[PDB]
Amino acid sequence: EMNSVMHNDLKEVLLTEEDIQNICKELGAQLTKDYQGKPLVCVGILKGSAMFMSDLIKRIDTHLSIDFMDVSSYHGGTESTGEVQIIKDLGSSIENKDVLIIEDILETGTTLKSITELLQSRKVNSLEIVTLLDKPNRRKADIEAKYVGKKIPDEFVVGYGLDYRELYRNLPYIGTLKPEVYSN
């Protein structure tokens, strides 16, 4: 049931629902092996990462707890400064935990690198990133993910947590927007 007019706002589909499920299976197996019997805490940065987190955690077959952060980056221009406001911190301690940050997309890396530095400072046993999407040529900060679902060119993408003006996060697939939708 795919009748909504929203679907016609897409220039192309980069990942189908089935592709994304398959990505979760593959990453889940690897994370199971890596985190078997470890005190794993999966951390989602709100809002969009929650959808991928949900699907991914299902395929991690070892004990884990979950937690969430809500942050707001400062900008100079429309580029992030690295200064990041904590709207909601983690609700539990991560000292001596194995932390896995779960991300929908890795781009400039600037916000993520601050998050990462705050969490390292809390004496975690380890810290890694899983990201569904990676735009490797947009990287500004010195950061890369250990686990990556799909590398993509620098297109404007929506779906499966990724929004344009708060919409489209509910699509079960990921695709590119028509330039007519976001142009001026």
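So that there is no doubt, residue numbering starts at 1 and follows the sequence shown.
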Checklist outcome for this item: Quick note on 41-49 and 133-141: per-entry mean CA temperature factor is higher in 133-141
Checklist entry - Out of 69-77 and 85-93, which stretch has the higher average CA B-factor listed in the record? => result 69-77
Checklist outcome for this item: Sorting the chain's modelled residues by C-alpha B-factor and splitting them into thirds places residue 156 in the highest
Checklist outcome for this item: Split the chain's modelled residues into thirds by Cα B-factor; residue 128 lands in the lowest
Next on the checklist: Split into thirds by Cα B-factor across the chain's modelled residues, where does residue 167 land: lowest, middle or highest?
Outcome noted: lowest
Item to check | Chain third (lowest, middle, highest) by recorded CA B-factor, residue given as residue 146 | outcome: lowest
Checklist entry - Ranked by Cα temperature factor within the chain, is residue 23 in the lowest third, the middle third or the highest third? => result lowest
